[PDB]
Structures are given as structure tokens and as C-alpha cells.
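As C-alpha cells, the structure follows; a few thoughts come after it.
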Amino acid sequence: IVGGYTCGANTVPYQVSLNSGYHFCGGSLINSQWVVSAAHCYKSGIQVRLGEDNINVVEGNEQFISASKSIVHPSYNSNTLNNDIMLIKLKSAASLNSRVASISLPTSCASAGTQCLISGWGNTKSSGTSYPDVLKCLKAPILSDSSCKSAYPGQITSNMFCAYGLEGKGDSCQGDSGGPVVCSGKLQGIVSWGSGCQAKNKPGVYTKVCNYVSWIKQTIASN
Ligand SMILES: [Ca+2]
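Under the entry's author numbering, the residues of the sequence shown are numbered 16 to 34, 37 to 67, 69 to 125, 127 to 130, 132 to 184, 184A, 185 to 188, 188A, 189 to 204, 209 to 217, 219 to 221, 221A, 222 to 245, in order.
Listed below in C-alpha cells is the structure:
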């Protein structure tokens, strides 16, 4: 997260870190057994880390639980990033508490102009590289679809939305991928792609979670 703020420990209790020997992506806890992330975060050998603030220090509220299965959306296209969503099942249910909590799925799609909360452990520089240890947060508005399409001609599908996010937060960044975009208390986006982090005229692009609620529900009912 570039241009954001320190969230505060466990203030984003649905935020997870995906670890394969190192943090590589975020995700969102949607119930005690399932995490939503980006399909482009897929790999084998995932450990889900819940209850994190500093990802480099064991602080006493963590739960580390290996994934038993990952399910990439059936129509994910890694070239275009269309349908950039995956589900990760935990080998054992998380213990839900004040520091480890699920986020609701949306009933309706969010509105242009709504301020959302984006979070993660990704790069905090637009130019160059610096990785935080504690969870970072950004408040960012959803942009109009016409604004989003003008920023990325020929690339924005109905399964994506943009969120300065045009002037350049100056955004989400490498290592935030897969993490949440929460608007009005619902998981509305997944950190997906953009051009750099320009953080002029290149806001972040996010998977539009409201399009996937049926798939999520049906998948978790059978797996
Ligand atoms: Ca920790």
C-alpha cells in the first residue's frame, strides 16, 4: 500500500497473509473455513496466517493454518486477469474471536464514489521498493466505469472496477494482491492489477466480488 496509513493491530480482522515460506499475497476470511483471494495468487503449499499485524514477529494472536485445497475460478484468464478470484479452504476451522473474524459477502454491488478500505503488506513505494512489517490501510473511492475504461482502454471487463483510487495512493501495490477492498462492511473487491503503483492516471483495478457470490456459495456448499 502506497500513500496509506498503519491500520492498527487487528483492526482488519478478516485480513489474512498467504505464506509459502514468505508472505506473497493477501486474502479475506469469509467464514471459519474459507478465504477469498486472487487467482493470480495461486500456488501449491499455502499456509494461511490469520490474526497478523507484524508478519515478521509472532505477537500472540496469530493462527497459522495450512490450506487443504485451492479453487481457482473456472473462467480465470491469467492474460487478461478476467475473473481474478480463488477460494482457499483451511485444513481446520479458524477460531473466530475479536482478532480473527469473517467479512460478509455483498448483497449488491457497490456504488461509484463509495469510500472503501484496502489493506495489505505490499510495497509502500511508487518508485522503488520497501516492504512493511505491520498491516497498512488505504481509504480509496470507487471510480466510475467510464473513468476506469479511459485509464485502461480495451482492458476493463464487467468483472473489474477501479478504485486516485487519478492524481497518483500517490494505491495498492505488489504484495497486496489478493487482499480485500471493503465498502460499507462488505467484501466488494480483491486487489488484482494495475500499471505500477502512478500510485498518475493508472488507478488500481480490483476483482468485482459481487459478480461471484453465487459461485462462492455453490462452491463452499460442495467442498
Ligand atoms: Ca505476527
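We put the CB at the ideal spot given by N, CA and C, even for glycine.
Between the CA atoms of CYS168 and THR177 - distance to the nearest angstrom:
Looking up residue 177 in the sequence shown gives position 157. Looking up residue 168 in the sequence shown gives position 148. Going from the Cα of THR177 to the Cα of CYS168 covers about 10 angstroms.
Quick one: residues in its chain with C-beta nearer than 7 angstroms to the C-beta of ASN179, no 5 flanking neighbours on either side, listed in chain order?
In the sequence shown, residue 179 corresponds to position 159, counting from 1. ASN100, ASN101, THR229, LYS230 and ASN233.
So is the beta-carbon of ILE73 under 8 angstroms away from any non-hydrogen atom of ligand 1?
Looking up residue 73 in the sequence shown gives position 55. Result yes, Cβ under 8 angstroms from ligand 1.
Please return the same chain residues whose Cβ sits closer than 8 angstroms to the Cβ of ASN74, not counting the five positions on each side in sequence.
Mapped onto the sequence shown, residue 74 falls at position 56. Result list for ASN74: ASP153, in chain order.
Could you check if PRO173 is buried or exposed, using at least 16 other CB atoms within 10 Å of its CB as the buried criterion?
Indexing the sequence shown from 1 puts residue 173 at position 153. Answer is exposed; the Cβ neighbour count stays below 16.
Does the beta-carbon of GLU77, which I'm using as the reference point, lie nearer than 8 angstroms to any heavy atom of ligand 1?
Counting from one through the sequence shown, the residue named residue 77 turns up at place 59. For ligand 1, at least one heavy atom lies less than 8 angstroms from the Cβ of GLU77.
Return the chain-ordered list of same chain residues with a C-beta closer than 6 angstroms to the C-beta of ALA24, the five sequence neighbours on each side being excluded.
By one-based count along the sequence shown, residue 24 stands at place 9. Excluding residues within five positions, the ones whose Cβ falls inside 6 angstroms are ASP71.
Cutoff 7 angstroms; reference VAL90; Cβ partners in own chain excluding five residues on either side:
Residue 90 sits at position 72 when you count from the first residue of the sequence shown. For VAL90, where only same-chain residues beyond five positions count, the Cβ hits under 7 angstroms are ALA56, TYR59 and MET104.
Helix, strand or coil for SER214? Go by DSSP, reduced to three states.
Here residue 214 is taken as the residue at index 192 of the sequence shown, counted from 1. Looking at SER214 - three-state DSSP - the assignment turns out to be strand.
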